[PDB]
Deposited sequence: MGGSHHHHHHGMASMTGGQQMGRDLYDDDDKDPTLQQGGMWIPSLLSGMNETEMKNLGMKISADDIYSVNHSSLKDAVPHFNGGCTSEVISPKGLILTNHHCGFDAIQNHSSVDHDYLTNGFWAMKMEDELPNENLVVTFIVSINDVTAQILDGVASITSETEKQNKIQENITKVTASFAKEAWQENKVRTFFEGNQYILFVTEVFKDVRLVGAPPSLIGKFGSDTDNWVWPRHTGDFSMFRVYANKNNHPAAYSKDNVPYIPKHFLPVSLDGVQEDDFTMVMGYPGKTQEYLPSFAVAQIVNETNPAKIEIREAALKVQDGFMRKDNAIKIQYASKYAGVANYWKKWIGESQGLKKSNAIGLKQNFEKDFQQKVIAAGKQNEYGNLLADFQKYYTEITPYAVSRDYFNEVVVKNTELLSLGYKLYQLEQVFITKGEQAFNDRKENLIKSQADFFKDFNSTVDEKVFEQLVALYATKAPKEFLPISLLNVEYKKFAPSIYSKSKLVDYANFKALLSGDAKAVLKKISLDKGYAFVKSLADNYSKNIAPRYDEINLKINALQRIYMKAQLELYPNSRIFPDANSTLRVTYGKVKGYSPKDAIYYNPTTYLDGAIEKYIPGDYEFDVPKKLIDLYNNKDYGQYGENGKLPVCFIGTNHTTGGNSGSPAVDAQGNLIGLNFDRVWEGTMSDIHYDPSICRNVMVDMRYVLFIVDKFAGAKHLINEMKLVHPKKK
């Protein structure tokens, strides 16, 4: 099987990769994309807060990312006096830019293979305890500048180790954000959806000291001067235009065996899917009644239904595409290739071992994320009580330090209905008793009660009385904590998982990981020239493709670009999701599009055949000349499976049209000074 898609290490583009790109239309070289010697594209593409991507678009450190990447910083700086979430935020001067605590932006200096130094493991199961040894060893040892940091990452399930030389800037200030109605237009409804019309962006500026080096916040740090910044094209995109996406994809698992994928589609995914669906249908029941609750639980209904949607997407995608079956055809060929290579002694039993360990780990795996999806994350009291549980066996200083931070849960009791909570505890704990593997169930077996009884006695329903339970010396507060029926029920299930499930889940998990690394090694050996790329691991990658529409269903085709016309079609006055700010509607009605327009219409978004995943939020999409044309912010629904199985016919990434970005910055915000700071170019003639 020839692998489709690809998330490529930016330093290994020569050969196959560059040939594909130039045949896809790329004009620049591999050298322009990465180099240790001179300024390349990678110098304009930093890691954003360890979980997202951003890109430099001016020589004064102006960076662009998604609105939902900068959401937390924006929300942190907003209140009912200065409601930036709603109104947007724009710094007219650089001194008006708002500092952000715990926001870092990381640049890659150099990408360095250190697999040899890390691997003194084999010829000895008790020493990947040695490569942890060797990693720490080589980390301090590798050639680094004083103001730089070394990071060793595991590639290919542990067959390759690469050290990154990085610079971690710790002074990143909010420069600009559109109003939420623009930045998350269509919120939940349009999540994972194409056609999409969302101006999902926000801007920050990277600050440094007088030596243009990484530094903590100082009141007289200066704007960072990049080694490279991306010029912004005004010419727009067309179907079949070459696109390149550079970013920090978090995690893929493209080389899983069929048994793993079967466990996803037939057991683990359906398990979690029903759980969040329960929490959701019952949340939407009260949100359909009161509007003060609707504004309350909207951000949280969002956060949970997001993954609810992704998993449905993944299951349907995998079912529709027959991934399990394609995996099986591969495994029939794999076995043959092993046999013909004379490598049965190394690889001969890989598939048979997989099946037995995967068959066996199933009840643990399902029980595990029933605990997770009911206790740890979705039932907000059990999640509160669980947070309390994990500070219990920090064992006094470490306990109290953790507890001063745990008392600061002001913002969640604020806008929390325990009337609502009582609903989710009922439905979700019911599911756990009547659906979870009965052999690992604890204090179930029948207690349909202790439902409003727990929200009627727990010192965890309001915050002031929550403080009153955590009051007391280092001790007795524990005695007070186990007094609570709420915590006693969280403890109960947590003790059970931690002794009856975790001890043996983790064991089989290591057996399977060991198998997988041999499997990956076997595939790389037996299938050269089949476009095998390392699974994502939050490191800088390059992917490429083209502007291309797709078909989601029989007789339905989606074109690859949207327009403001399409947003006005979705416009609903006063709607929480589809309202449109007055100036934008004014701007539409007068077609006041400036240099951003295209024949009396304004481009908004477009989609591409680039292979992205979570972590690629805010990633730059450049054209063949290396100019910014788009801003990545999502994947289409039909290809949310792309971590397990990439299908080039329906996998698409969704990007904001940069013409739309600048339009919003300019004609909407009136922040033209941010644009004069940019390089506006015309690559098409």
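| Missing C-alpha stretches, by deposited numbering? | Missing CA coords at 1 to 33, 158 to 161, 433 to 437, 488 to 490, 731.
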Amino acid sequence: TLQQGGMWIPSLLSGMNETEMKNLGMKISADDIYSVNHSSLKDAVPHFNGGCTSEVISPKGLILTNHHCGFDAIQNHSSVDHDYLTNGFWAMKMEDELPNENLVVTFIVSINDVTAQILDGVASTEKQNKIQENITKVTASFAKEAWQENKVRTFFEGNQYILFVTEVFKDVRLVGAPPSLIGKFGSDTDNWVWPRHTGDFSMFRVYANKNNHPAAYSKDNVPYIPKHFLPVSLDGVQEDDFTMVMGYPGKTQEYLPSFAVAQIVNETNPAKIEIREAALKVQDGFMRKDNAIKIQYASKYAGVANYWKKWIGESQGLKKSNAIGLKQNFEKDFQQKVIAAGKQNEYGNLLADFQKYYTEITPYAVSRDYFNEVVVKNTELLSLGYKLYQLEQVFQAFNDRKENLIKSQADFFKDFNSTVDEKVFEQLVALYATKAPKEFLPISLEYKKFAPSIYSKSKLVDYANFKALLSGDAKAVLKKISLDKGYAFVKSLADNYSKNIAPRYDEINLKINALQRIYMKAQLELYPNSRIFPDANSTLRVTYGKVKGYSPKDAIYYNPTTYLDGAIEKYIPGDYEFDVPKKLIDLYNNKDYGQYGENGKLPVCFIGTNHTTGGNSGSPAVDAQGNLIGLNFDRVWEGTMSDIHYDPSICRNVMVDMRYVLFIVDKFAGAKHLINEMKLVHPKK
From here on, numbers count along this sequence of modelled residues.
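| task | Name the higher of the two by mean Cα B-factor in the PDB entry, 330 to 338 versus 425 to 433. | result | The deposited B-factors put 425 to 433 ahead on the C-alpha mean.
| task | For the higher mean C-alpha B factor in the entry, choose 312 to 320 or 355 to 363. | result | In the deposited entry, the stretch with the higher C-alpha B-factor mean is 355 to 363.
| task | Choose from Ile556, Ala468, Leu587, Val580 the residue with the greatest Cα B-factor as stated in the PDB record. | result | Across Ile556, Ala468, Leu587, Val580, the entry lists the biggest C-alpha B-factor for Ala468.
| Which one, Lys251, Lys151, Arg196, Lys438, has the peak C-alpha temperature factor per the PDB entry? | Highest CA B-factor of the listed options: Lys438.
| Which third, lowest, middle or highest, does the CA B-factor of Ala146 fall in along this chain? | Highest third - that is where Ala146 ends up once the chain's C-alpha B-factors are sorted.
| task | Using the B-factors in the PDB entry, rank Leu382's C-alpha atom against the chain and give the third, lowest, middle or highest. | result | Highest third - that is where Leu382 ends up once the chain's C-alpha B-factors are sorted.
| request: Could you tell me which third, lowest, middle or highest, the C-alpha B-factor of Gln75 occupies within its chain? | output: For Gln75, the deposited C-alpha B-factor lands in the lowest third.
| Against its chain's modelled residues, does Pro560's Cα B factor rank lowest, middle or highest third? | Bottom third by C-alpha B-factor.
| request: Please place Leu2 in the lowest, middle or highest third of its chain by C-alpha B factor as given in the entry. | output: Tercile = highest for this residue's CA B-factor.
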